[PDB]
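This report refers to the structure that appears directly beneath it.
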Amino acid sequence: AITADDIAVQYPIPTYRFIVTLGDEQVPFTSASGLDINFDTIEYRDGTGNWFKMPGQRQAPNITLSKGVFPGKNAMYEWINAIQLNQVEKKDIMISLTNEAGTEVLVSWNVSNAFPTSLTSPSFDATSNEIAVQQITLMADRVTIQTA
Amino acid sequence: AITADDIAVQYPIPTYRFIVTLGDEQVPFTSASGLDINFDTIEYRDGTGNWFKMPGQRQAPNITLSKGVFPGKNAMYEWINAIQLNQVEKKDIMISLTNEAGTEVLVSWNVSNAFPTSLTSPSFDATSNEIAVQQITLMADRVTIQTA
Amino acid sequence: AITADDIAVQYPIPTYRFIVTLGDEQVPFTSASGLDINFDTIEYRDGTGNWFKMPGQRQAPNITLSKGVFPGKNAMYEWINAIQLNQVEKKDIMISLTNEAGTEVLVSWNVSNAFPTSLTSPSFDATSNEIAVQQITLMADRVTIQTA
Amino acid sequence: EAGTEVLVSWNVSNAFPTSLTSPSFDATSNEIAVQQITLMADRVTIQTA
Amino acid sequence: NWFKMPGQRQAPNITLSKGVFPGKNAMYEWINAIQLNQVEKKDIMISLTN
């Protein structure tokens with residue numbers, strides 16, 4: 001007997017159920033990767049033998065998202081077209097592993113000030129049964145993990 | 001019940017049905033890729049801790065198209081042979097995901113001032129049952145996505 | 001007749017049963033690699049023919065660990081979030097090949113002063129039946145093998 | 001290694017500082033603040049023991 | 001006999017670089033106000049901070 005309320009406490013979480021909160025809206029995505037926390041390394045050696053190893057300064061995350069092309073309005077083109085030499089609406093990204101109903105967060109990866117740097121077109125092929133998938137890559141400053 | 005007029009509103013679009021408008025003519029192509037929107041990155045750090053992340057200037061797209069070799073007149077050789085040291089007829093590329101009849105656009109990727117930079121011959125092999133496919137690569141300045 | 005108390009003396013040890021002691025706590029991990037002992041090389045040649053080959057100074061190990069995402073509190077985020085420009089709680093890593101009961105060490109790999117340098121998010125994919133796996137990489141100064 | 005045996009040494013006799021450089025502060029660098037001092041002496045000898 | 005002595009120290013040349021911001025240029029209004037001998041001389045502290 002494992003009594004599935006205990007599965008919701010001590011079993012791990014899969015990666016197929018996630019909600020992406022993009023600014024103040026929810027946008028359905030297919031994939032999401034690159035929400036890393038990376039530091040640099042400071043080193044210092046003297047002649048006596050002391051090696052000093054230290055964390056450096058953390059560098060920027062590069063988050064890539066991908067969703068399909070729908071017949072309506074393209075919300076990801078409208079956010080990468082509004083670039084005027086510096087000026088982009090930064091957004092808060094929230095990617096939360098959710099329950100199957102979609103109403104409560106298991107664990108979330110938060111992203112502070114993201115702006116788009118690329119947007120790839122789908123690969124058009126007359127001999128392929130696939131869905132047109134755009135892939136946007138984002139650049140931010142901080143990745144935060146809230147667990148609840 | 002899904003009532004297929006609702007499939008034309010809220011289901012995604014596949015990549016096997018597309019019309020390529022090449023200047024003022026329609027040319028049948030097999031593949032089409034590389035219609036990306038890429039920016040550079042400006043960064044600035046001071047000693048107090050402020051990291052300033054900014055979009056740079058967007059660079060040029062490199063679009064590659066490929067079609068088969070037909071017994072008539074080669075229209076892609078006639079456009080890469082008319083290079084005189086600067087002088088090329090720039091064309092407007094339109095690659096539109098279309099319905100199955102071919103008469104109305106679902107979503108389109110527009111390309112502003114494209115000119116050819118390469119044209120590859122097919123690979124001749126006496127032990128292969130394949131079609132002779134030329135592959136032309138283009139260089140432009142802007143990629144626009146119109147949705148209708 | 002092989003009399004399995006002799007298997008515990010002269011047969012080799014598999015890699016699927018291991019306990020990771022992380023500071024003063026045991027944390028369950030899925031994978032663990034990179035606990036190497038690497039030296040540099042000094043060389044010296046003269047005109048008479050004497051080649052002099054010598055071990056240099058040993059460089060730092062880079063240990064990578066990976067475990068799954070659980071619904072409770074993230075202990076590996078709480079240790080990489082506590083970086084203030086130099087200041088990290090260094091920990092002692094012990095990765096011991098253990099018996100099947102989990103109560104006695106066969107051979108252990110000890111790691112002296114480890115601190116986190118990276119922490120990767122899981123790859124979110126809507127078409128995948130996988131477990132959310134974080135992967136932390138550590139940097140230390142010494143790798144010790146105790147056998148008992 | 002252990003630090004318990006001197007192999008060969010260089011002996012600087014009457015040194016005094018003539019320069020001291022500060023570290024180079026740079027907000028985009030993962031480095032250690034390193035000073036260097038230049039000294040001026042009168043003789044350098046080598047004892048080999 | 002060969003005597004070696006420290007001389008007298010020479011003056012430092014500091015170099016500070018920052019970016020151009022949309023406000024006012026505070027480094028400019030301190031080098032613009034040079035009247036032929038005169039300059040508001042300031043005292044600078046460069047502190048390695050946590």
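By convention here, the chains of the structure tokens are called A, B, ... in the order presented, each chain's residues are numbered starting at 1, and ligands are numbered starting at 1 in the order presented.
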**Item:** Interface, chain B side, toward chain A (8 Å; only C-alpha atoms) as a PyMOL selection string
**Value:** chain B and resi 8-18+30-41+51+53-57+106-107+145+147-148
**Request:** Enumerate as a PyMOL selection string the residues belonging to chain D that approach chain B to within 8 Å, with only C-alpha atoms taken into account.
**Result:** chain D and resi 26-28
N, CA and C atoms of the current selection, written as a PDB file, in the first residue's frame:
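selection-v4.pdb, written as the output of this step:
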```pdb
ATOM      1  N   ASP D  26      38.457  46.103 -12.188  1.00  0.00           N
ATOM      2  CA  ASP D  26      37.754  45.888 -13.444  1.00  0.00           C
ATOM      3  C   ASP D  26      36.494  45.099 -13.144  1.00  0.00           C
ATOM      4  N   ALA D  27      35.340  45.676 -13.463  1.00  0.00           N
ATOM      5  CA  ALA D  27      34.058  45.108 -13.072  1.00  0.00           C
ATOM      6  C   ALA D  27      33.640  43.907 -13.902  1.00  0.00           C
ATOM      7  N   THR D  28      34.427  43.512 -14.902  1.00  0.00           N
ATOM      8  CA  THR D  28      34.111  42.382 -15.766  1.00  0.00           C
ATOM      9  C   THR D  28      35.172  41.291 -15.683  1.00  0.00           C
TER      10      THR D  28
END
```
**Message:** List as JSON, numbers by chain the protein and nucleic acid residues near region 24-28 of chain B, meaning an atom at most 9 Å away when only C-alpha atoms are counted, but skip any in the same chain fewer than 2 places from it.
**Reply:** {"B": [19, 20, 21, 22, 30, 67, 68, 75, 91, 92]}
**alpha helix (DSSP H) residues, from DSSP on the backbone, in chain E, as a PyMOL selection string** = chain E and resi 28-31
Expected file: the selected residues, N, CA and C atoms, as a PDB file, in the first residue's frame:
```pdb
ATOM      1  N   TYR E  28      32.195  65.401 -16.953  1.00  0.00           N
ATOM      2  CA  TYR E  28      32.423  66.513 -17.861  1.00  0.00           C
ATOM      3  C   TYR E  28      32.372  67.853 -17.145  1.00  0.00           C
ATOM      4  N   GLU E  29      31.449  68.045 -16.204  1.00  0.00           N
ATOM      5  CA  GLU E  29      31.375  69.340 -15.537  1.00  0.00           C
ATOM      6  C   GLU E  29      32.459  69.547 -14.490  1.00  0.00           C
ATOM      7  N   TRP E  30      33.353  68.582 -14.291  1.00  0.00           N
ATOM      8  CA  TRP E  30      34.523  68.773 -13.454  1.00  0.00           C
ATOM      9  C   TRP E  30      35.783  69.029 -14.264  1.00  0.00           C
ATOM     10  N   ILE E  31      35.804  68.629 -15.531  1.00  0.00           N
ATOM     11  CA  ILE E  31      36.894  68.984 -16.429  1.00  0.00           C
ATOM     12  C   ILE E  31      36.530  70.183 -17.305  1.00  0.00           C
TER      13      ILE E  31
END
```
**Message:** Tell me as an MDAnalysis selection string which residues belonging to chain E come within 12 Å of chain C, counting only C-alpha atoms.
**Reply:** chainID E and resid 48:50
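Shell of region 2-11 of chain D at 12 Å, with only C-alpha atoms counted and residues fewer than 2 places along the chain excluded, is residues 47, 48, 49 and 50 of chain A; 13, 14, 15, 41, 42, 43, 44, 45, 46, 47, 48 and 49 of chain D.
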Can you check which parts of chain E lie within 10 Å of chain D? Per residue, the shortest pair of atoms and distance in Å to one decimal, counting only C-alpha atoms, sorted by chain and number, as a tab-separated table.
```
residue	atom	partner	partner_atom	distance
E:2	CA	D:42	CA	8.2
E:3	CA	D:42	CA	8.8
E:4	CA	D:42	CA	8.0
E:5	CA	D:16	CA	8.5
E:6	CA	D:18	CA	6.7
E:7	CA	D:18	CA	8.5
E:8	CA	D:18	CA	9.8
E:9	CA	D:18	CA	8.8
E:15	CA	D:24	CA	9.9
E:16	CA	D:25	CA	9.4
E:17	CA	D:26	CA	9.6
E:46	CA	D:25	CA	9.0
E:47	CA	D:25	CA	9.9
E:48	CA	D:25	CA	8.8
```
Chain D: residues DSSP assigns to strand (DSSP E), reported as a short mmCIF file (atom, residue, chain, number, x, y, z; two decimals) with N, CA and C atoms, in the first residue's frame:
```cif
data_model
loop_
_atom_site.label_atom_id
_atom_site.label_comp_id
_atom_site.auth_asym_id
_atom_site.auth_seq_id
_atom_site.Cartn_x
_atom_site.Cartn_y
_atom_site.Cartn_z
N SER D 9 68.82 28.30 -2.95
CA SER D 9 68.26 29.58 -2.58
C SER D 9 69.09 30.74 -3.13
N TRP D 10 68.42 31.87 -3.29
CA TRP D 10 68.98 33.11 -3.79
C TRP D 10 68.93 34.15 -2.68
N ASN D 11 70.04 34.82 -2.42
CA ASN D 11 70.17 35.72 -1.27
C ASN D 11 70.32 37.16 -1.74
N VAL D 12 69.31 37.97 -1.45
CA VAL D 12 69.29 39.39 -1.75
C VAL D 12 69.67 40.14 -0.48
N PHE D 16 65.43 47.47 -0.68
CA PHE D 16 64.50 48.49 -0.22
C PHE D 16 63.51 48.76 -1.33
N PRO D 17 62.25 49.06 -1.01
CA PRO D 17 61.24 49.22 -2.06
C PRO D 17 61.35 50.55 -2.79
N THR D 18 61.19 50.48 -4.11
CA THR D 18 61.11 51.67 -4.94
C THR D 18 59.78 51.83 -5.66
N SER D 19 58.94 50.80 -5.69
CA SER D 19 57.65 50.92 -6.35
C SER D 19 56.67 49.92 -5.74
N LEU D 20 55.39 50.28 -5.77
CA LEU D 20 54.32 49.39 -5.34
C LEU D 20 53.09 49.71 -6.18
N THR D 21 52.59 48.73 -6.92
CA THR D 21 51.46 48.96 -7.80
C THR D 21 50.20 48.37 -7.20
N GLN D 36 52.18 44.24 -6.86
CA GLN D 36 53.57 43.86 -7.00
C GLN D 36 54.46 44.98 -6.50
N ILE D 37 55.57 44.59 -5.87
CA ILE D 37 56.54 45.52 -5.32
C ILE D 37 57.86 45.28 -6.02
N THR D 38 58.53 46.36 -6.41
CA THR D 38 59.86 46.25 -6.99
C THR D 38 60.86 46.74 -5.97
N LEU D 39 61.97 46.03 -5.86
CA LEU D 39 62.95 46.26 -4.82
C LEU D 39 64.28 46.57 -5.48
N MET D 40 65.14 47.28 -4.77
CA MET D 40 66.48 47.54 -5.27
C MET D 40 67.50 47.12 -4.23
N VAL D 44 73.36 39.86 -5.32
CA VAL D 44 72.57 38.63 -5.31
C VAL D 44 73.55 37.48 -5.29
N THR D 45 73.44 36.61 -4.29
CA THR D 45 74.25 35.41 -4.21
C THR D 45 73.36 34.18 -4.23
N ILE D 46 73.98 33.03 -4.52
CA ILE D 46 73.30 31.75 -4.55
C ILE D 46 74.04 30.81 -3.61
N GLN D 47 73.33 30.25 -2.64
CA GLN D 47 73.90 29.15 -1.86
C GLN D 47 73.16 27.86 -2.19
#
```
